[PDB]
Amino acid sequence: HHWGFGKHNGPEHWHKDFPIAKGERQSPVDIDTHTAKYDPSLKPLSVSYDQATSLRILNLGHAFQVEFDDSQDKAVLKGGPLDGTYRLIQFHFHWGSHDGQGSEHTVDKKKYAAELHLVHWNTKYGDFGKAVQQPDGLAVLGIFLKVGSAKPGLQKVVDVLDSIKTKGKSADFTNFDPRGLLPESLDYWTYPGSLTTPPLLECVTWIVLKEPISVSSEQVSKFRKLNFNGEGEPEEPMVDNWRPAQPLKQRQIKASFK
Ligand SMILES: [Zn+2]
């Protein structure tokens, strides 16, 4: 009964193995735009992906992840609410069983068709594993996906997914430029929170972009053809791998805009 997104092992059950699931700094959250606070002191984000080096793409079971060479010192997220520099290690998505749900963060309760997380670790701490043990260990850039026109910079991802249908499969995924996954504007909300899969560690500065990227119905539908199961096991399509919004509790969501 490893955690996952079935009826028996899904988000409602995670607290039994990971009691921090009911903790004080859990993610995702609903972003209530009336109660979020515009902070004029929040500076622009700095996302430098020019020299990011993608390596491989893996079906981990609950989702797929594209991994990067985080020995590169130039593929970095910094600025914004951050007081350090953070190296890109991987990205992945969350999505639904239909276009009407799939995002983890919500905006005034609005759910998007999917959400992209670009995960970066703090260069103060040596590596990812050591970083997640610190309250400022990770900076995750979250980006909503809505269905409309196609996102060209996502196509290489969409095209490869048929090769990694079942858990444990992977593919070469070199020369992928994650700049192609960013919207035009980098206006953002930000708050302190957690990983949204177990172990749910409270080590993340969340930066959630106001502007969603547009992806086509065809592109997001490919996500739903992935499987949670391993090869030869009964087919279980990989859908609804999003943790729902958790209580904000003490925290203050801040915005770079009104
Ligand atoms: Zn995520």
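Analysis parameters
- Residues numbered from 1 in each chain as written, not as in the entry; some residues may be left out.
- Heavy atoms only, no water.
- Helix = DSSP H or I, 4+ residues; strand = E, 2+ residues; numbered from the N terminus.
- Rg over C-alpha atoms; globule rule 2.2 N^0.38 Å.
- Buried < 20%, exposed > 50% of the residue type's maximum accessible area, 1.4 Å probe, protein only.
- Contact = heavy atoms within 4.5 Å.
- 1 Å grid on protein atoms, 1.4 Å probe; cavity = no way out; pocket = protein on both sides within 12 Å on 5 of 7 lines; lining within 4 Å.
- Points joined across faces, edges and corners; volume = space filled by probe spheres on them.
- Nonpolar A, V, L, I, M, F, W, Y, C, P; charged D, E, K, R; others polar.
- Donors = N, O, S within 2.8 Å, 3.2 Å for Na, K, Ca; no water.
- Core = buried A, V, L, I, M, F, W, Y, C linked by side-chain atoms within 4.5 Å.
- Salt bridge = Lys/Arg side-chain N within 4 Å of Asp/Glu carboxyl O.

Method of determination, as annotated in the archive: X-ray crystallography, at 1.63 Å resolution.

Engineer: Describe the overall build of the protein, with residues and values.
Structural biologist: Helix and strand counts for the protein stand at three helices and 15 strands. Scaling as 2.2 N^0.38, a compact globule of 258 residues should have a C-alpha radius of gyration of about 18 Å, and the protein matches this with 17 Å. Taken along its principal axes, the extent of the C-alpha atoms in the protein is 55 × 40 × 40 Å. By the burial criterion, 53% of the 258 residues in the protein qualify as buried. A separation of at least 24 residues holds for 70% of the contacts in the protein among residues at least 6 apart in sequence.

Engineer: Before we move on, can you summarise the layout of surface pockets with the specific residues and values?
Structural biologist: Empty space within the largest pocket amounts to approximately 420 Å³. Surrounding the largest pocket, 16 residues form its lining, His2, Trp3, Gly4, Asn9 and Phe228 being those nearest its centre. Put simply, the second largest pocket is a space of about 320 Å³. In terms of lining residues, the second largest pocket is bounded by 22 residues, among which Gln65, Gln90, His92, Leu195 and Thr197 are the most central. The set of elements that each furnish at least two residues to the lining of the second largest pocket consists of β7 (86-95), β9 (114-122), β10 (138-147) and β13 (204-209). A total of four residues in the lining of the second largest pocket trace back to one element, the largest contributor, which is β7. The class makeup of the residues in the lining of the second largest pocket is 13 nonpolar, nine polar and no charged.

Engineer: Explain the coordination of the zinc ion residue by residue, including any values.
Structural biologist: Taken together, the protein donors to the zinc ion comprise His92 (NE2), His94 (NE2) and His117 (ND1), at separations of 2.0 to 2.1 Å. Counting the intervening residues between successive donors of the zinc ion yields the motif H-x1-H-x22-H. Here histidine 117 lies in strand β9 and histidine 92 lies in strand β7, a separation of 25 residues in the sequence.

Engineer: Would you mind going over the nonpolar core in detail, with residue names and values included?
Structural biologist: Formed by 49 residues in total, the largest nonpolar core has its most connected members in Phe64 and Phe91. At the level of elements, β5 (64-68), β7, β9, β10, α2 (155-160), β13, β14 (213-215) and α3 (217-223) are the ones that each hand at least two residues to this core. Beyond its immediate stretch of four places on either side in the chain, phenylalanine 91 contacts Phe64, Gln65, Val66, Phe68, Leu116, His117, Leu118, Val157, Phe176, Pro178 and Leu181. One finds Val119, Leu195, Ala255 and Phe257 within the second-largest nonpolar core, a separate group that totals 24 residues.

Engineer: Outline the pattern of salt bridges, supporting the account with residue identities and numerical values.
Structural biologist: Using the criterion set out here, one finds six salt bridges in the structure. Each of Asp50, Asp177 and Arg179 takes part in salt bridges that share partners, so that together they form one network.

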